[PDB]
Number of protein chains: 2
Amino acid sequence: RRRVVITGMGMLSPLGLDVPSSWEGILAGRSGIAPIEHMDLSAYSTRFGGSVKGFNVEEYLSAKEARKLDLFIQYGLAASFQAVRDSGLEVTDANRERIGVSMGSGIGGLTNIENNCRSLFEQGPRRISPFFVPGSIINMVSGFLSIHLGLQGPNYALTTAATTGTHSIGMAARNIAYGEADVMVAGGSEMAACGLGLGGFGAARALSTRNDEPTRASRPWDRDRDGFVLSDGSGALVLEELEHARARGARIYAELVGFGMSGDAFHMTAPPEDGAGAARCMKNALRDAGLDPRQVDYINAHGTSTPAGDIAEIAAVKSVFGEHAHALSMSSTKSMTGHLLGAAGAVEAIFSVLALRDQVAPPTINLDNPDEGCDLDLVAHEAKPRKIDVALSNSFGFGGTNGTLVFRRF
Amino acid sequence: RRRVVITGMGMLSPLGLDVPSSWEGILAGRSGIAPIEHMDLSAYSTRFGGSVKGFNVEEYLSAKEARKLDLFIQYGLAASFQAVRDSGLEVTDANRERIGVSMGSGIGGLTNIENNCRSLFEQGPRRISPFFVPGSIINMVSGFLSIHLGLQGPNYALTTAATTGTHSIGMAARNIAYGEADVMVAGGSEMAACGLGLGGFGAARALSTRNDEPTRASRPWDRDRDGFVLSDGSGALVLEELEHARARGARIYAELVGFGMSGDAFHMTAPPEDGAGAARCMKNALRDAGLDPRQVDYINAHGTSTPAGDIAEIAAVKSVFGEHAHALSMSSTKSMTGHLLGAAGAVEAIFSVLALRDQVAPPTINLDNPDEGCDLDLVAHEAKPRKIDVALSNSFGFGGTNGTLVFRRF
Ligand SMILES: CC[C@H](NC(=O)c1cc[nH]n1)C(=O)O
Ligand SMILES: CC[C@H](NC(=O)c1cc[nH]n1)C(=O)O
């Protein structure tokens, strides 16, 4: 059908307030993880994570506007505005019906819900903000962005935990391929660092508790890994039909050539040991892209630093790629960023596109002692300049919900 | 490409614990709205809504399983199990990779969040349930259903307020048409009747406050309407590729021939007065279906009983359908069910399919005094037996996010 290319990108991450600042940090192997300052966690088993430092919402919205919206929505609008600016696209009466939005979130407005809950229990239902529902529901990034830029195309929001940003980009690409849109702003945002978030993941024993060295906590495939690090932020891409992009002389970063999905149908928080669902998902993406496994050069892994997850992903890549599994480079940027949950797939799509632009595999930092069977090129410690024609981005979410995107040099 | 048909349906609604019980109530013009019993609302301006009466989760899950899951997930699994049973489909190693799930929710596990919030504020983070995250996140209907039935196909969740169930069914149909699945279980569930829900919508002044006559509160296009009625429940459909359905001699209820989307890009909680976005959305659906407006016989309206919303929908239908707007029948089943939010589009898809099966337009009850310009066949008061070849279902959600499904007799 129609070809889909990336013409714009935007991001808020624990490493930077835009794409170039974040990417510089990635190629330098810098950690974005620090003790959390914005709340007292002295009573929690995990007291660190990946915060956006120095976010100024006034750069994007008025203070009245902003004060109605949970931070996840603010982060999502920031990444979305950056990406549209970056594309150089001009929204007119001639194209506004052909431009949609698919910005998702894993948990949404947990901070707002928590603060309205306080008011409700202390002071009863009349203390709840009139803006509580519209400022908290996950689809209000899509809603607010469409209103602010006059975007009248397909308008929706995915919520698939770690897979959110990957689903959001894949399904936006489907809309453009199908003819439902010529442009889509797609990605995700997350800000789940509130009591209920840290407490909730902590009560599941899902989080690293390495409070003494937060920068060493996220260590994907390392034998001393002890759970993921919770991080905040946002990613947005401008996806565009190829002839549309060429016609306005847009700068094309890369092509989005494949999108795959699968379900494990195994467990809610644990993968099959052999990562069978992840293998089906990657194969589905490669088949959608018309690619053979041997054509893959770089994988931006799910690699969240969990005991069961990290090794299941190695098993899946070995199953899919056979002997080529030792030729390709695979890295987890979560070594540096931690796990941005609903934003993870968006920021990792951007890192996959920039790997193609800069011909460099970002490192897996903290990979001091690779665990049994973790004997691939995991780009340990330092970035590796190398040939990259094809980059995959994997997301394996709670519920066993899997998604894989395939990018290619244009 | 490939044709998509409905072979199974399931539902929990304020009118019944399955499809036939709910549908009987619809054709009889019965109200599902009553004073809310499960919590004390003596301090709220709205004290009524559409509850599921006599839900027995043990019919579907073990009590240990159930006790880990927010009610929205229980309602979603109930409708999903009913629909798969209803389809007669047998899941095997030969097809489990070709069967996915797209079950969405508007608000998700607000009840669980509220009850974990209580524990957090009273007793600090260690009182939070270990199952808080996996039992509360919107994608766990898709997750749990896939695990319970061994479904390994595309696995995801939409969250688009009133449009959730419509997006969920439309995008599942896209997956089957595209070749990503041969079967999808799609729909939505909602249980937002907790303090934060009623308080939240009340603080926005969004809800009817007709506490003295709850059964008369939901009165779409009536001049004395004063906001929507909050309702709970679930809808699921089994969508299936036509040759797949025929090959196993499945009973085919109807064909899903069109899916349209648009954004208003106007306001978060108010439509354009002329319903321009709703008009684009309906036209997109008809174009996707290869249908002319004159071929539409029945519209299952959004029609939530709001001042600005109900008349904007009339304006949109008059714009799209011209003189044929006076020939077609349009009704709001929310007159009877109230607004099930993330489940609204799923249960209204089922009512649209049953309108085709039974050749009957469900009524708009409580339409005593149609407002200025509301001069269409709104099937006031009583069901109207009539010829229905083509049925549309409209959903217009917070954020100005619009979706329309087009069903046709097979
Ligand atoms: C089930 C969700 C998630 N899944 C994975 O990590 C994974 C690894 C290989 N296949 N799936 C998790 O284990 O946290
Ligand atoms: C904006 C959401 C929703 N929209 C509508 O009712 C509507 C009616 C015609 N076009 N849109 C609402 O007004 O509550």
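Residues numbered from 1 in each chain as written, not as in the entry; some residues may be left out. Chains lettered and ligands numbered in written order. Heavy atoms only, no water.

Visitor: Which residues make up the relation of the copies chain B and chain A, and what are the values?
Guide: The two copies are related by a screw operation: chain B maps onto chain A through 180° of rotation and 0.0 Å of translation along the axis, at an RMSD of 0.0 Å. This pairing of chains is accounted for by a two-fold axis. Within chain B, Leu158 of chain B has its C-alpha nearest the rotation axis, a separation of 2.4 Å. A shared interface surface links the copies, since 100% of the contact residues of chain B are contact residues in chain A too. (Least-squares fit on C-alpha atoms. Contact = heavy atoms within 4.5 Å.)

Visitor: Give a detailed account of the nonpolar core, specifying residues and quantitative values.
Guide: Formed by 110 residues in total, the largest nonpolar core has its most connected members in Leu77 and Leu196 of chain A together with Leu77, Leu196 and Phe201 of chain B. The residues contacting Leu196 of chain B, other than those within four sequence positions of it, are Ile113, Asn116, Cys117, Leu120, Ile128 and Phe132 of chain A together with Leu110 and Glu114 of chain B. Core analysis: the next-biggest nonpolar cluster, separate from the first, contains 94 residues, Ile6, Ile169 and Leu356 of chain A together with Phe351 of chain B among them. (Core = buried A, V, L, I, M, F, W, Y, C linked by side-chain atoms within 4.5 Å. Buried < 20%, exposed > 50% of the residue type's maximum accessible area, 1.4 Å probe, protein only.)

Visitor: If you had to explain the packing of aromatic side chains to someone new, which residues and values would you point to?
Guide: Residue and element names in this part refer to chain A. Taken as a whole, this structure holds 12 aromatic pairs over all chains when the rule is applied. Arranged with centres 5.2 Å apart and planes meeting at 90°, the rings of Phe55 and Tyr75 form a pair that is edge-to-face. Highlighted residues: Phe55 in the loop between β3 (48-49) and α2 (63-67) and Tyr75 in helix α3 (residues 71-87), separated in sequence by 20 residues. One exposure class covers both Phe55 and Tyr75, and it is buried. Ring-pair connections join several aromatic residues into one group, and the members of that group are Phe55, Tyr60, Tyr75 and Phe81. (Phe/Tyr/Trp six-rings, centres within 6.5 Å; stacked < 30°, edge-to-face > 60°. Helix = DSSP H or I, 4+ residues; strand = E, 2+ residues; numbered from the N terminus.)

Visitor: Residue-level account of the site of ligand 1, with values.
Guide: Residue and element names in this part refer to chain A. Within the structure, ligand 1 sits among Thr269, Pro271, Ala278, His302, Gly309, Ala312, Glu313, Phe396, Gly397 and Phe398. Surface burial for ligand 1 is 96%, taken as the share of its 360 Å² of free accessible area covered by protein chains. Those elements that provide at least two residues to the shell around ligand 1 are α10 (307-321) and β13 (390-397). Looking at the shell around ligand 1 element by element, the count peaks at 3 residues for α10. Within the shell around ligand 1, the residues separate by chemical class into 5 nonpolar, 4 polar and 1 charged. (Near = heavy atom within 4 Å. Areas by Shrake-Rupley, 256 points an atom, 1.4 Å probe, with all protein chains shown as cover. Nonpolar A, V, L, I, M, F, W, Y, C, P; charged D, E, K, R; others polar.)

Visitor: So what about the pairing of strand β7 (residues 233-241) of chain A? Which residues, and what values?
Guide: Residue and element names in this part refer to chain A. Within β7, 9 of the 9 residues are buried, leaving the element largely enclosed by the surrounding structure. Bridge count between strand β1 (residues 4-12) and β7: 8 bridges; the pairing is antiparallel. Directly across from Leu12, in β7, lies its bridge partner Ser234. Pairing of strand β6 (residues 183-190) with β7 involves 8 bridges; the strand directions are antiparallel. In the sheet register, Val185 faces β7, and the bridge partner there is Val238. (Pairing = 2+ DSSP bridges.)

Visitor: Just give me the short version of the interface of chain B and chain A, but keep the residues and values in it.
Guide: Taken together, the contacts link 71 residues of chain B with 71 residues of chain A. Taking both partners together, chain B and chain A bury about 5600 Å²; carbon and sulfur atoms supply 68% of that area. The largest per-residue losses of area from chain B upon contact with chain A belong to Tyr178, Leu196 and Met268 of chain B, which jointly make up 11% of the total buried on that side. Across the chain B-chain A interface, the total number found is 2 salt bridges. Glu180 of chain B is the partner of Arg174 of chain A in a salt bridge, and the nearest nitrogen-oxygen pair spans 2.7 Å. (Buried area = accessible area lost by both parts, 1.4 Å probe. Salt bridge = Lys/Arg side-chain N within 4 Å of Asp/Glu carboxyl O.)

Visitor: Please provide a residue-by-residue account of unusual backbone geometry, values included.
Guide: Here the phi dihedral of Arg205 of chain A falls at roughly 65°; this positive angle occurs in a residue that is not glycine. Relative to the helices and strands, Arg205 of chain A is located in the loop between α7 (195-203) and β7. The exposure class assigned to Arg205 of chain A is exposed, which follows from its relative accessible area of 72%. For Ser305 of chain B, which is not a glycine, the phi torsion comes out positive at approximately 85°. Structurally, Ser305 of chain B is set in the loop between β9 (298-300) and α10 (307-321).

Visitor: Give a description of the domain arrangement of chain A that names residues and reports values.
Guide: All names here are of chain A. Each domain of chain A was delimited in the assignment, giving domain 1 (4-247) and domain 2 (258-408). Taking only C-alpha atoms into account, the centre of domain 1 sits 21 Å from that of domain 2. With 60 residues of domain 1 at the interface, the matching set in domain 2 holds 64 residues. With both sides pooled, the region where domain 1 packs onto domain 2 buries about 4700 Å², and carbon together with sulfur makes up 67% of that total. Remark: the boundary between domain 1 and domain 2 carries 5 salt bridges. With a closest N to O distance of 3.5 Å, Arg225 and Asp310 form a salt bridge. Of all elements in the fold, only β1, α1 (19-27), α6 (164-178), β6 and β7 reach the threshold of two or more residues within the side of domain 1 that touches domain 2. Ranked by the residues each element gives to the side of domain 1 that touches domain 2, the list is headed by α6, at 8 residues. Of the residues belonging to the side of domain 1 that touches domain 2, the class tally is 25 nonpolar, 25 polar and 10 charged. (Domains from an automatic or database assignment.)

Visitor: How would you sum up the pattern of salt bridges? Please name residues and give values.
Guide: Residues and elements named next belong to chain A. Inspection of every chain in the model, using the stated rule, returns 52 salt bridges over all chains. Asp182 is the partner of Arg2 in a salt bridge, and the nearest nitrogen-oxygen pair spans 3.1 Å. In this pair, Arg2 sits in the segment before β1 while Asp182 sits in the loop between α6 and β6, placing the two residues 180 residues apart along the sequence. With a relative accessible area of 29%, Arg2 lands in the partly exposed category. Using a relative accessible area of 13% as the deciding quantity, one classes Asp182 as buried.

Visitor: Break down the site of ligand 2 for me, citing the residues and quoting the values.
Guide: Residue and element names in this part refer to chain B. Around ligand 2, a shell composed of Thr269, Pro271, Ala278, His302, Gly309, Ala312, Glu313, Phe396, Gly397 and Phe398 is seen. Here ligand 2, which alone exposes 360 Å², has 96% of that area covered by the protein. Counting only elements with at least two residues in the shell around ligand 2, the list comes to α10 and β13 (390-397). By residue number, the principal contributor to the shell around ligand 2 is α10, which donates 3 residues. Looking at the shell around ligand 2 residue by residue, the classes come out as 5 nonpolar, 4 polar and 1 charged.

Visitor: Quick one: what's the story with the pairing of strand β8 (residues 254-263) of chain A, residue by residue and with numbers?
Guide: Residue and element names in this part refer to chain A. In terms of residue burial, β8 counts as a mostly covered element, since 10 of its 10 residues are buried. Bridging between β1 and β8 involves 3 bridges; their strand directions are antiparallel. Residue pairing for β8: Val5 is matched across the bridge by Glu255.

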